[PDB]
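Data block below; observations after.
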Amino acid sequence: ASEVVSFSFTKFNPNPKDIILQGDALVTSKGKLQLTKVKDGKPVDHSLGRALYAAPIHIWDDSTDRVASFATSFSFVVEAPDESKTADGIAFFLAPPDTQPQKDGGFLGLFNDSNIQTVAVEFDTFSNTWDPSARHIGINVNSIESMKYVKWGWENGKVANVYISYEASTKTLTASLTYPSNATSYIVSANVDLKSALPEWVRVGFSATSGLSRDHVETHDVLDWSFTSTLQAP
Amino acid sequence: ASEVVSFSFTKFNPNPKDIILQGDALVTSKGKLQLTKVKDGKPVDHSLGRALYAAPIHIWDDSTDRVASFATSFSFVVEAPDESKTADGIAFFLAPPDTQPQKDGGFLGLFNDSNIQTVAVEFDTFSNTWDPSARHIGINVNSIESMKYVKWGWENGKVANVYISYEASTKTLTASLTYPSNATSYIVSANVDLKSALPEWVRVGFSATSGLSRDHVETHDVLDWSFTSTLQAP
Amino acid sequence: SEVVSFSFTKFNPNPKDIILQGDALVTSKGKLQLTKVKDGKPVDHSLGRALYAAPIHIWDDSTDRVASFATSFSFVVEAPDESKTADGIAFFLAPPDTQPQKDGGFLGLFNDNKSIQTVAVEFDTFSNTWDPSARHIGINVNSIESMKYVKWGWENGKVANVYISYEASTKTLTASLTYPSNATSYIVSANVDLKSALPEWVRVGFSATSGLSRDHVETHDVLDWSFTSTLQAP
Amino acid sequence: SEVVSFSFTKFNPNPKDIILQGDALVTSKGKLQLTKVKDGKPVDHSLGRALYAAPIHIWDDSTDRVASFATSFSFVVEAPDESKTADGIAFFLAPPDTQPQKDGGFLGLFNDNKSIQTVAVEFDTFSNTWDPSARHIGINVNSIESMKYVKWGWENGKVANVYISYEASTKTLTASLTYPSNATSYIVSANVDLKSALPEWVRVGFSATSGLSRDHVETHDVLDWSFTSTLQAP
Ligand SMILES: [Ca+2]
Ligand SMILES: [Ca+2]
Ligand SMILES: [Ca+2]
Ligand SMILES: [Ca+2]
Ligand SMILES: [Mn+2]
Ligand SMILES: [Mn+2]
Ligand SMILES: [Mn+2]
Ligand SMILES: [Mn+2]
């Protein structure tokens, strides 16, 4: 049996009824998903915002031994008043349908220091204790510490085009980022067992936090988004 | 700007988290959407069940003057112990996202005698006072009385393949039904202004009722379903 | 699994992915003008066909796969005299090296002792000896005589929206025509075994002819076209 | 708007929608074997290419449209001697009447004084005079010398998953390669103006060559392939 879901937005409607907005997240009158707070054109500290697609996604099925393959593309911008003081980052993620925002700052709204099923591809702009020294793209499986990462030449206020795919038959999760402005790209892949990492139905979407001090502030804006998932026989 | 949503199920999972089940509706362990009650292999009277896709669908936008085109296919079966005593019918419909079940029997769970924004394509098995004498396929715009209908040679317990499309630029809503078992088909079309009939965001899905007397009973089972909607510039 | 899909909202003049035959041409406004027009008028004795450049794999013996496909297109037949129409337009599948066959009533598809492999849906505007009395939408399997038909109320000069689908698992071919100006619709279906009518690979497209008398002339214009075929395990 | 999409999970032997050139063939197991193997061994001096039968409309001057496209495929290069590999495999776009050009290091794509229109992503296994020192994934615009490249750690006999996309609005061509056995990935991007490198219509596909010495031999097998292109108003 086959179950396929697809969606695509070239720009978000300012009152998006098929997106669950959490924390500080909102859609601007020009159709930008602004995950973290912006006040008089400036990003604010201690901000956390997430946004999930309304329909839960069937990513595996015990009854029938199927596991989903999926892919997603999106464009985002992280713009910082000071390039030397960037925090904390933006992620694409999958979590249980009732998922709520979790700790702020370096925990990216995804994880906490207290409990969590979430798989995430993170675009981390600040080196915490569990991080490598550089900014990086990471693949995260039920932990804020990445299972694998690649160093990331972040370009302030430039559009980044991301493509993420999961191939169920090989358990391979791949994440790429490209800046058309200078045609530079980064990629990372990992072997991930979605089936032991997540429940059978998840919601998908984005999460981002700005830094916990006034001077570590940046935007996390998502400009568009496509997603497709197929759950079918092995 | 463009917003596109697609989904497709070749069979429903018995605990479908992306389907809102209402009234008596359930999914059988073999993956049939059984809208109305079945007890020891027999359909029960006074049953009403509906099922909606979890994500609201953006069908028009005042801000930008877009109106969606959409299409849907599904297969259904209506099986009656007595061919001379069939009631009441099954429909595909669009309604506001918070839509709840409405009156039973000939009102098909869609409309009532008390208030309703709903557009529906109905497969009516019993001739009420607002109906033509024969069983029929109808196009319904905010009323249980159809705006147009075609006579319908219902085939007891046979699979019916339906295709419904809405072409926004011509405001044309078309509904077809085909029985592969005897290669017989029916079609009806109508001019419909989705924009004045419905709010900007709707949910879509199915509704069905069995008759209000013990002897007017039939099943309303949906076997599979695909849906696609595109909201883009004129 | 092999899937092919293509979609044109209008045609490019000199389209390299369409094989044009006989008189067919694409106009500067992007219409596929299958039969000749000069000054402003359709001309007699014209025949034109257009096929998509890629062959389509419609069945595969080595794996017992049989394709399901769907096509949609919109066409116009304009006649200077309503009572003197000929001969019609058809969508068809034939072997990839298919060449134009008889003009006039044979629609460029067939011939009275050749054995021709071609499956077509015809929109016949002139009642030949082998035709029913009125204008008709017919399903034809390797013959100009239709295996099933439905009476067609042709609308002069008006856009017709056509949808054709073939469900492999039931061998059901369905053809529908809707005039959006009028919200008037017609449908016909037949059990057709593609496997025995046609080779494994076919070329799909259109064919039309104008009458063989100077007075029985009409245009046969295609305005858009989308096609999808899937060859998968049953 | 013109969209074309095709997808093969394996190849049919004698595929009528693929133009095979030089030594290319499809095996009974459904592999696209671009270079010759006899007994069990890859043979020297082999060249094979395969193109999809339909030309693809990649730009249109008359409307200032430029296509965005994406392709994914998985390939294997197996060598009996790890230290003696040549020459490589490439995905490419060229004019529709494209014919095989030089063997060996020219990959069947190029030639040292012809002016050849061909855009390619190459997976080069042998360092010629114009190449960097190591095995490399290169972007090539009408020359065998790559405009940009990234070092490629080839894995002998292992399945590589490739994704290539071209974003028209930024003229960004990106190419990624992932080994799912290893979860190891590589990416390279370049600004490429398709409009000036290539004609309006192209044929897409693959080309590969084995070394010109008897000792520098390897296979070049393609296992699947999906392609989508959209030509739309900017
Ligand atoms: Ca961090
Ligand atoms: Ca009724
Ligand atoms: Ca005729
Ligand atoms: Ca080389
Ligand atoms: Mn990190
Ligand atoms: Mn009714
Ligand atoms: Mn006829
Ligand atoms: Mn090279």
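Before moving on, here are some points about what is shown:
- Based on Cα atoms of the range D:1-146, Rg over Rh with Rh as the Kirkwood radius reads 0.97.
- Cα-based shape type of the protein assembly as shown, given that a ≥ b ≥ c are square roots of the gyration tensor eigenvalues and the cut on a/c is 1.5: oblate
- Positive-end residue of C:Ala197, C:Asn113, C:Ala54, charge dipole of chain C with Cβ unit charges: C:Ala54
- Electrostatic bookkeeping for B:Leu194 treats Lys and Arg as +1 and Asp and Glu as -1; over the other residues with beta carbon under 12 Å from its beta carbon, the sum is -1.
- 10 Å Cβ neighbours from other chains, averaged over peptide A:179-190: 6
- About the Cα centre, charge dipole magnitude for the range A:55-208 (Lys/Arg +1, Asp/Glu -1 at Cβ), debye: 300
- Partner chain coverage, peptide C:56-63 - average Cβ within 10 angstrom: 2
- Each residue of the range B:166-178 was assigned a 3J(HN,Hα) from its phi angle through the Karplus curve 6.51 cos²θ - 1.76 cosθ + 1.60 (θ = phi - 60°); the sequence is 10, 9, 4, 5, 10, 6, 10, 10, 10, 10, 10, 9, 9 Hz, with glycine and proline shown as x.
- Given charges at beta-carbon only (K, R positive; D, E negative), |dipole| of the protein assembly as shown in Debye: 320
- Extending 7 Å from the Cα toward the beta-carbon at both A:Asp98 and C:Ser181 defines two label points whose distance is 5.8 nm.
- Near-label residues of the range C:44-75 by backbone N, under 14 Å of a point 7 Å along Cα→Cβ of B:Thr10: C:65-68
- Theoretical FRET efficiency, 1/(1+(r/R0)^6), r = Cβ-Cβ of B:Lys158 and B:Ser213, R0 22 Å, to 0.05: 0.35
- Of the trypsin sites (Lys or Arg not before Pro) found in the range C:1-73, those in coil by DSSP whose Cβ has at most 15 other Cβ atoms within 10 Å are C:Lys29.
- Remark: for residue pairs A:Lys11/A:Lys151; D:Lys36/D:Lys171; A:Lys37/D:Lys148; B:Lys171/C:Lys38, the C-alpha separation exceeds 31 Å in D:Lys36/D:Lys171; A:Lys37/D:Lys148; B:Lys171/C:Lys38.
- Once both labels are positioned 7 Å from their Cα atoms along Cα-to-Cβ, the gap between C:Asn156 and D:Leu212 label points is 7.1 nm.
- At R0 = 51 Å, FRET efficiency that the Cβ-Cβ distance of C:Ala197 and B:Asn191 yields, to 0.05: 0.85
- Computed over the alpha-carbon atoms, the range B:81-234 gives an Rg to Rh ratio of 0.95, Rh here being the Kirkwood radius from the mean inverse distance.
- Qualifying GluC sites (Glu not before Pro) in the range B:1-108, DSSP loop, other Cβ atoms within 10 Å at most 12: B:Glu83
- Distance from the alpha carbon centroid of the range D:156-234 to that of the range B:29-92 works out to 45 angstrom.
- Taking the range A:1-21 and a reference point 7 angstrom along Cα→Cβ of C:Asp64, the backbone N atoms nearer than 18 Å belong to A:1.
- The charge dipole of chain D, taken about its Cα centre with unit charges on the Cβ atoms of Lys, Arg (+1), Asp and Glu (-1) only, comes to about 360 debye.
- Reported to the nearest whole Å, the Cα centre-to-centre distance from the range A:159-205 to the range C:34-49 is 55.
- For the range A:1-68, the list of trypsin sites (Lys or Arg not before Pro) that fall in a loop by DSSP and count at most 14 other C-beta atoms within 10 angstrom reads A:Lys30.
- Residues of the range D:70-104 falling in the label zone of D:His45, defined by backbone nitrogen less than 15 Å from a point 7 Å along Cα to beta-carbon, are D:103-104.
- The length gained by stretching the chain between D:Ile116 and D:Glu145 to full extension, at 0.36 nm per residue less their Cα-Cα distance, is 9.2 nm.
- Here's the picture: charge each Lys and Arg Cβ at +1 and each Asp and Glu Cβ at -1 in the protein assembly as shown, and of B:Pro97, D:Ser146, B:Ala80 the one pushed furthest to the positive end of that dipole is D:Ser146.
A short reminder: the numbers here are calculations on the coordinates, not readings from a lab. Don't worry about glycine lacking a Cβ; one is built from the backbone with ideal geometry, like all the others, and counts go over all protein chains shown.
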